[PDB]
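Since the structure comes first, as structure tokens, the remarks are kept for the end.
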Amino acid sequence: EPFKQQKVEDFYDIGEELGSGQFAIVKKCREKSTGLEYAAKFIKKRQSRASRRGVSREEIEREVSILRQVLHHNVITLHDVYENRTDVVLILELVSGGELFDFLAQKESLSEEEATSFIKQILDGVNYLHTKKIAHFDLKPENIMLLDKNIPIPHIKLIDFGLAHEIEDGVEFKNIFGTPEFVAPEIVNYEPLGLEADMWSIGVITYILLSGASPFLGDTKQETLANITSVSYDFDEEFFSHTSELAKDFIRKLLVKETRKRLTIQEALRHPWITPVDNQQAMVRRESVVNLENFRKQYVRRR
């Protein structure tokens, strides 16, 4: 339905900053009428076409269209949409538990069983999207949030659908976007895009989650892109000495250039590392640990 033309401030209390993109600013908010808390995403609108600042009507309407479709316990929910002269404001589910990687860095120990549990949460959210032919296109640790960091096993919420796109039958979608470190070769090569790009990103997130190291990240953006296109990564024993074989197989099957060869979200969920076939493989996963020393070190370096 239409965006609300009323003043956001007239119906919402505005609190602290939660974050921002280049073209958006997210703030904690409360609906005066209900007393309920949400997050208000203020997206700056473009003036005409050649504007350096602002997001286009098409891109704003796409994000809204996608968010209005999604109702899943591992995905952020949309509440309301407002529009003024400068901004289109998205009223979203309040997510305030911080980044998953922040929480993990806090743990005294982490087993691969625990790790897979969090990974499955992401996989469950992505599956829901992919079933609806929706690609997220921006899967990275920043966009992997939690509701509450104070329950034993926190619940993951996938956020920021600014780059999300509905995959159409027989329509070629080609674009260059996202954070270099996490993008699939087809993005870099300006080649047809689909749901496969998300699966590559999951492989990168898993890699970092288990090691602290990033598979393709170089000294510069130039190096990073060269590594991605040539698929040049390793399981160095400095970072992967504790890692199980199935964990490496899971990643190895996700970091594949050929899109048709890469695991689908369904194939990823069935994979023995996520889903043990017998008690043996379940116990191997249970006893395998993540070196949080390396994970923590590298995460603080991201701060």
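For neighbour counting, all protein chains shown are included, and Cβ atoms are generated from backbone atoms with ideal geometry for every residue, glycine included. Every number in this text was worked out from the coordinates using simple rules, so none of it is lab data.
For this structure, a couple of remarks:
- For the stretch 157-263, the percent of C-alpha pairs falling in each 10 Å distance bin, counted from 0 to the bin holding the largest distance, reads 14, 46, 32, 8, 1.
- Reciprocal mean inverse distance between Cα atoms of the stretch 212-303 - Kirkwood radius, Å: 15.0 Å
- Each residue of the stretch 97-303 gets 121 Å³ once the volume of the Cα convex hull is shared out per residue.
- Ordering 280-287, 52-59, 141-148, 263-270 by mean Cβ neighbour count within 10 Å, with the highest value first, yields 141-148, 263-270, 280-287, 52-59.
- With a Förster radius of 41 Å applied to the beta-carbon distance between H242 and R49, the computed FRET efficiency rounds to 0.20.
- Distance between the modelled labels on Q106 and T220, one decimal in nanometres: 3.9 nm (7 Å Cα→Cβ projection).
- Around the amide H of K4, modelled in the peptide plane, lie the amide H atoms of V81, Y82, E83, all under 5 Å away and 5 or more residues distant in sequence or on another chain.
- Backbone N atoms of the stretch 60-101 closer than 20 Å to the 7 Å Cα→Cβ label point of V171 belong to residues 60-70.
- Nearest-ten-degree value, helix 196-211 long axis tilted from longest Cα axis of the chain: 60 degrees
- Flagged links, alpha-carbon separation over 31 Å, of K221/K297; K44/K140; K45/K133; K28/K140; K149/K261; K132/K253: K149/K261
- On the basis of the beta-carbon distance and an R0 of 22 Å, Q22 and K149 show a calculated FRET efficiency of 0.20.
- Basic side chains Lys and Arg get +1 at the Cβ, acidic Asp and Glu get -1 at the Cβ, and with that the dipole of the chain about its Cα centre reaches some 740 debye.
- The slack in the chain from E258 to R286, taken as 0.36 nm per residue of separation less the alpha-carbon distance, amounts to 6.9 nm.
- With contacts taken as Cα pairs under 8 Å and at least 6 residues apart, the chain reaches a relative contact order of 16 percent.
- Computed extension length for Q6-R302: 102.6 nm, one decimal, from 0.36 nm per residue of separation with the Cα-Cα distance subtracted.
- For q = 0.11, 0.20, 0.25 Å⁻¹, Debye-computed log10 I/I(0) when each Cα of the stretch 1-96 counts as one equal scatterer: -0.31, -1.04, -1.49
- Each peptide among 81-88, 202-209, 219-226 gets the average number of other Cβ atoms lying within 10 Å of its residues, and from highest to lowest they stand as 202-209, 81-88, 219-226.
- The alpha carbon convex hull volume per residue for the stretch 168-216 rounds to 64 Å³.
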